[PDB]
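Take a look at the structure below.
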Amino acid sequence: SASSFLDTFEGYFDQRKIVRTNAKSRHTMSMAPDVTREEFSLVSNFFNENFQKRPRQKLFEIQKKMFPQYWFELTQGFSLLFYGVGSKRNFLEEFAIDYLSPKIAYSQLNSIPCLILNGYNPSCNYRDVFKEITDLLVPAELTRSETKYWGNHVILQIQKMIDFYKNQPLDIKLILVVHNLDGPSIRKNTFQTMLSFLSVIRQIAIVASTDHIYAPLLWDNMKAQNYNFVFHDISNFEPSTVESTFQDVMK
Amino acid sequence: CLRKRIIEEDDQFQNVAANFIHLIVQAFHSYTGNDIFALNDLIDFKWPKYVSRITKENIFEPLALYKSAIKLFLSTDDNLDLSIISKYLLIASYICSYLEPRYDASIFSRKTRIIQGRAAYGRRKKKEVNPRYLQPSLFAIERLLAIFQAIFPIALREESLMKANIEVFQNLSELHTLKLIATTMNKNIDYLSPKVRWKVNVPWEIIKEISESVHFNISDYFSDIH
Amino acid sequence: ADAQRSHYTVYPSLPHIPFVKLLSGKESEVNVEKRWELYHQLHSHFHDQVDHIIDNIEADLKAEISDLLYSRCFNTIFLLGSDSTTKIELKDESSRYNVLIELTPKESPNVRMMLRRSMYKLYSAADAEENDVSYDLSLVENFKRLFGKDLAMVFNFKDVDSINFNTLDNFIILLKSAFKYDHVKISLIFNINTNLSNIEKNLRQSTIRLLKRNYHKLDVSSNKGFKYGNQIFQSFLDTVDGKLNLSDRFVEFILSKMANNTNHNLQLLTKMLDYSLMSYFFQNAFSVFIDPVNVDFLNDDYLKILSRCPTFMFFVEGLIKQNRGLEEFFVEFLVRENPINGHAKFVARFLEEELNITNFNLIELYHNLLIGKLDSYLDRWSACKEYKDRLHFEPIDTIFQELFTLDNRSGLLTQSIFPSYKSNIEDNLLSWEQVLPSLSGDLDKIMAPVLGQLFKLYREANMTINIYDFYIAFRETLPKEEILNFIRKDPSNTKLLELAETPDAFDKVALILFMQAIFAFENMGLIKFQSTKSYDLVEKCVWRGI
Amino acid sequence: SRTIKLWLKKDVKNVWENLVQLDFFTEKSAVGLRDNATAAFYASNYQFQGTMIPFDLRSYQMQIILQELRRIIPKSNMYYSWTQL
Amino acid sequence: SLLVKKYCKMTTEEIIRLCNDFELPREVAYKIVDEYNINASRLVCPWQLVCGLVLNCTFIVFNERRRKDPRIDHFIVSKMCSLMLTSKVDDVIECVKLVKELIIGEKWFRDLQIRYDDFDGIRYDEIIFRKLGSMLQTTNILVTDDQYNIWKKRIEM
């Protein structure tokens, strides 16, 4: 850019200048090479499994030494929100399955069940997620007085769960691994209300990930208070092979 | 109130109440129109304050009683804790709504140019109509964060400008929750969509009182443009 | 596959505390255990007091609401700064039935649903205390015939600053019609979070004149008069009194963060206090010496670490200007009271009870006592002029008091609870060598990760970017021969060798690596495609440091 | 300049609401009363953009134009000269 | 002051003389020179760019000696305030924080920060735990072990 500033509001105002019509290039993808789906996939997995794999493995071995600190934060009622550059899918599965569930199961004497939401899926739906939560936790059904007048039964059920679990012993019964809390269907307000109200309950551990740069805009004071986040930057430059297949790539 | 006032200090009381009603009508008929309910409410609001100004000298002199209670007949009197980040975000959103983005570099840019570069010249002609009389315009998030960073209050390892951390975004989310700022979409809002644009949702008097609470000169930003 | 589902439950097969071994792994496990147990005593002694304080908050809020509520118009109460989380309970008084009707903006899409929900609640409560009805206002008309008792409705409008004010205005005008029924009285409670003047201009002037006939204001924010946060801070002072001390940086950070939150800064205050206690009991190996029973377990590592104390440094430098003995000195010199907390409590109870100074925050009082400016804090009231010599205090800079301190210098509190999220993302994108270690060895040193190179070319480009020109600019930095040597280093994969044999291999590899990074940037929110069916230009959405 | 009390903007709000209620101004592009109960029920479940903005920015249109106002306001009225442009 | 002077005629040997006044070796000095040449014009005050480049490389090359002796920083800042004939120390800090924004992304600056392990004044073995948010990260509260041994030698002599 023919600019004097790059960073801050100075760079924002200096790089948004009115470029003339004659200065604009007319280049398109018609002068770009054509690639097929299969060679794209082939070069993709070869670069994902060989370009800087050894520094990524060293860095992943570095971040694994923070797992007891994550467990200690989860025992005090904080929800983990992991952010960074690159995919955090394998990190969240490995921490929540290989480490967190056996440590929690041994610390309170089967392992603790881990429910994994995939928010990179657009078809992640809060009613079916609450159906499996009901299956795992077996809460008491709402009475007729509690149903109100065409009220949302999921939210009223969770409020019943909140003032039931306030008296229970503080033993973690469910681990909730939310991949991509900022994904296209999970970022909507009803799903976020559902998950923050589930984050109120001490007996559920919440491990979440975000990918968008504007993700803290999802949470107001009520939602940030209910979520009770401790933030952790675990940037690894992971390629995100799983999440990339839910968008149309070659277009 | 009248029966306690006459022992604290029937046709005469009738003339007192009737003269009060006629004075209320002549003071506020332009304000109420020919509205029985509004004038009844004004009579109910102003009768005890009128009775409290009645002395032994005022009963047989309606003029002296009228000058004794002049402030009741001059104004209608029918009426009834935000964070610093929230206040400056509201001020920046008002600026982003009511100032065109082509001229922002001619107001907020203050850095030293290592690289040869020409700042903006600024607007040439004033507007004819005050743009704060019209409905607000829509803006993007990064423009609002730019103006918020430019107007917020403040060496080798300091970087005294405040960057957009999670408390700023939390304050912005609360500001949207209270409807002090608004979006193009009202229900089932994709906050993270680039297509979603934001506008201020407060009037000028509210942002004026807010700017007076933090000693920010917001009227200086609109004085030179119309 | 589980990676392609929306959700799935895992019951993983399994074959004892989260504290680790400090002192470079030469700490004993029993000291780890008593570190854990000491942390739990401190955490429990803090949170029992916090729970009692919170129950007191709701108790006095209920009392003040009931006093303002029961001591031909509405009885209007404006709860200013209310999060609408207060459980209002009405009295049980005979010959009259009292109903609380709670209404939310989600429950209020129009006036008809507002009335139907309110009348269903009215009939449900009146049937639950002691034939179907129509859920409209005539049930209010026929309430004395159907139930034999007078009626007192209290409407609690939850989160008024989110409701449609046209609907609320029409509902209040509709409720005005019940004033002529001689057995009905209506109270309205508005939970306002912005200001009264905002809800004044969103309602009709006749509605304002109706509400003005009988109304009261009740201000209950999270720190109305600082009285409830002072109790939480004082309980934290008492739970670490004689045991830990607070730096002025930590109290300054606490005041700065409570200034940035309006409605929920009590829980935020508790959150940073507990995270600081967690960080100390996870970090410091000397926390076992919080308990004076464990002082006999000293080692050479403990004495080696405690020798690097700046206060002990200045003490021994003054001694030379003017191990067993060091052990006895360390045992003897950690006994004393550190009376800053007792003096702070004395100043607080002196100002609150005697002078009737009630609009003070204990946290800035403690900050000024920490920096030695309690007179400079006290002289803002012009009422304790005669007691400035009375309440004078100067701190004693005791030695190795930073081995037992809560202090904010590493930015761990900033990184964990209030991170610079977007700036951290941009910093990691732009400067990826602070992320990835500097250890296919030839390619990993000569060519950057593709996301970082894409962000470097992204930052120095205009607001509008042609992606063909952007891809050529990305292609000119990559090394051609090293890429072609790296792609041929897998002889088991023959399609890779076949594609590397083509003369247009590097352009295809560059386009593949460019398109993956472009879709990553679009998913992260950095770039925005202009049109749906063009995909030829992008706009930058994100600038670094703003 | 050639003495009428100049009423403040906070008092003209009541006059403005009275003028709206007396069917002198209509909200801009408002449908009004629907033809049937189904369209009215559909309209009752939607929040219109006029009811979510502050009242001083709501767009209105006249039911009576300035030429009609000049036609029926008497010559002796002291605001008569401003019905002309 | 030399930072106010506009459009100066800089020879290629004045930059080498300024780099040799701060003990920079040949590779980094030639890189500062080459960084000047590719932005020769587009320049307002050349001295600001050259001063920021030289001090930005100075805090990287001598980062081992700056942790042991914090005085070195003031000393080098003053040598600079001198060679630029200015009495304001904030101008030099403004120069280096304006030049850092133009050099934070290049390959050669990356190689310099990798080779001297600088990463904004931090080692990699600390900054990875500052970025992770580790509770067990090194805190600048206790004195350094080698600094304490140096002090013990100073009281032994």
Side-chain angles (χ1 to χ4, degrees), chain A residues 6-7 47 50-63 83-87 233-239, chain B residues 157, chain C residues 415 420 423-460 474 477-479 482-483 486 513 517 520-521 524 526 544-545, chain E residues 27-28 31-32 35 53 56-64 66-67 99-134 137-138:
Chain A
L6 305 141
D7 285 355
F47 262 91
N50 287 120
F51 180 44
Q52 274 149 350
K53 258 292 315 297
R54 170 148 222 248
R56 278 217 307 306
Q57 278 170 329
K58 179 23 154 37
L59 160 69
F60 172 80
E61 272 260 58
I62 286 175
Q63 313 160 307
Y83 70 102
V85 178
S87 194
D233 175 30
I234 48 153
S235 315
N236 54 346
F237 283 95
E238 232 50 62
Chain B
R157 282 95 169 94
Chain C
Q415 195 75 305
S420 95
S423 294
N424 283 329
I425 293 294
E426 297 154 328
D427 171 28
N428 289 321
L429 274 174
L430 184 56
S431 308
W432 59 263
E433 353 78 33
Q434 291 170 10
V435 188
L436 284 175
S438 179
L439 299 187
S440 176
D442 289 328
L443 192 77
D444 297 348
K445 260 206 316 293
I446 206 142
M447 174 185 78
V450 195
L451 280 191
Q453 254 280 105
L454 257 301
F455 187 77
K456 177 217 187 291
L457 272 304
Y458 163 92
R459 181 166 157 275
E460 83 208 327
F474 164 65
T477 312
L478 312 184
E482 273 91 345
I483 274 292
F486 162 78
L513 290 184
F521 270 25
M524 288 174 76
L526 300 198
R544 158 172 188 259
Chain E
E27 295 95 4
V28 48
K31 221 95 208 153
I32 291 182
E35 190 64 40
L53 269 167
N56 272 303
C57 298
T58 303
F59 320 137
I60 292 187
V61 170
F62 293 146
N63 70 109
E64 298 163 336
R66 289 151 37 80
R67 299 202 178 91
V99 166
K100 177 167 226 63
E101 182 226 314
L102 282 319
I103 65 195
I104 200 229
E106 295 139 328
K107 173 142 184 185
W108 66 269
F109 199 63
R110 162 167 68 240
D111 293 309
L112 194 70
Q113 294 234 68
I114 280 169
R115 187 249 263 280
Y116 291 73
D117 200 30
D118 192 82
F119 304 136
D120 259 323
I122 312 301
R123 316 288 298 292
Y124 175 61
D125 282 293
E126 336 173 57
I127 204 179
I128 196 61
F129 299 117
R130 323 185 84 269
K131 282 193 174 305
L132 276 173
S134 180
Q137 64 183 276
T138 61

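So that the names make sense, note that chain A is the first sequence line, chain B the second, and so on, each numbered from 1. Because only heavy atoms are used, hydrogens play no part in the values below, and waters and symmetry mates are left out as well, while side chains stay in.
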Report summary line: Nearest heavy-atom approach of C/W432 to C/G452 is CD1-CA, 4.4 Å
Query - salt bridge (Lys or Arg N to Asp or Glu O under 4.0 Å) between A/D7 and C/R544, worked out - result: CA-CA 5 Å; A/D7 285 355; C/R544 158 172 188 259; 2.4 Å; yes
Query raised in the report: Step by step, would you call E/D118 with E/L112 a side chain to side chain contact (heavy atoms under 4.5 Å, CB included)?
Result: CA-CA 8 Å; E/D118 192 82; E/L112 194 70; over 6 Å; no
Query raised in the report: Is E/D117 reaching over with its side chain to a backbone N or O of E/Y124, donor-acceptor style, under 3.5 angstrom?
Result: yes
Query raised in the report: Is a side-chain N or O of A/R56 found less than 3.5 angstrom from the main chain of A/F51, in a donor-acceptor match?
Result: yes
Requested in this report: Please confirm whether the backbone N or O of A/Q52 pairs with a side-chain atom of C/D444, one donor and one acceptor, at under 3.5 Å?
Outcome: yes
Query - For the student: nearest non-hydrogen atoms of C/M447 and C/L478, plus distance - result: SD-CD2, 3.7 Å
Report task. Could you tell me whether the side chain of C/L430 reaches within less than 4.5 Å of the side chain of E/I104, counting heavy atoms only? Result -> yes
Query raised in the report: Crowded around E/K31 NZ? As in, over 12 foreign heavy atoms under 6.0 Å?
Result: no
Query raised in the report: Just wondering, are more than 12 heavy atoms of other shown residues or ligands nearer than 6.0 Å to CZ in E/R115?
Result: no
Requested in this report: Enter the distance from C/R459:CZ to E/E101:CD here, rounded to the nearest 0.5 Å.
Outcome: 6.0 Å
Query - Heavy-atom pair with the smallest gap, counting every atom of C/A448 and C/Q453 - result: CB-CG, 3.7 Å
**Report entry** Atom pair OG (C/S431) and CG (C/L436), whose distance is rounded to the nearest 0.5 Å
**Finding:** 12.0 Å
**Report entry** Backbone N/O of E/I127 and side chain of C/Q434: donor-acceptor pair under 3.5 Å
**Finding:** no
Report summary line: Here the gap from E/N56 atom CG to E/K100 atom NZ, rounded to the nearest 0.5 Å, amounts to 4.5 Å
Query raised in the report: For the residue pair C/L451 and C/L429, what are the closest heavy atoms and their distance?
Result: O-CD2, 4.1 Å
Report task. Please determine if B/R157 forms a cation-pi arrangement with E/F59, meaning its NZ or CZ atom is less than 6.0 Å from the six-membered ring centre and no more than 45° off the ring axis. Result -> yes
Requested in this report: Show your reasoning for whether side chain to side chain contact (heavy atoms under 4.5 Å, CB included) applies to A/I234 and E/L132.
Outcome: CA-CA 6 Å; A/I234 48 153; E/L132 276 173; 3.9 Å; yes
Query raised in the report: Quick one: NZ on A/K58 to OG on C/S438, what's the gap to the nearest 0.5 Å?
Result: 10.0 Å
Requested in this report: Flag the pair E/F129 / A/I62 as yes when at least one side-chain heavy-atom distance between them is below 4.5 Å, and no otherwise.
Outcome: yes
Query raised in the report: Counting only N and O atoms by type, is there a donor-acceptor contact under 3.5 Å from the side chain of C/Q415 to the main-chain atoms of E/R130?
Result: yes
Requested in this report: For C/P479 and C/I446, work out which heavy atoms get closest and say how close.
Outcome: CG-CG2, 3.8 Å
Query - Side chain proximity check, A/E238 to A/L59, heavy atoms < 4.5 angstrom - result: no
Query raised in the report: To the nearest 0.5 Å, how far apart are CD in C/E426 and CE in C/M524?
Result: 9.0 Å
Query - From CD1 (E/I122) to CD (E/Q113), nearest 0.5 Å - result: 10.5 Å
Requested in this report: State, with a plain yes or no, whether a side-chain heavy atom of C/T477 is found less than 4.5 Å away from one of C/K456.
Outcome: no
Requested in this report: Assess whether side chain to side chain contact (heavy atoms under 4.5 Å, CB included) is satisfied between E/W108 and E/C57, documenting all intermediate values.
Outcome: CA-CA 11 Å; E/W108 66 269; E/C57 298; 4.1 Å; yes
Query raised in the report: Going through the checks in order, is the side chain to side chain contact (heavy atoms under 4.5 Å, CB included) test met by C/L443 and C/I483?
Result: CA-CA 7 Å; C/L443 192 77; C/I483 274 292; 3.7 Å; yes
Query raised in the report: Heavy atoms, side chains only, cut-off 4.5 Å: are C/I425 and A/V85 in contact?
Result: yes
Query raised in the report: What closest approach, in Å, do C/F521 and C/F455 show between heavy atoms, and which atom pair accounts for it?
Result: CZ-N, 3.4 Å
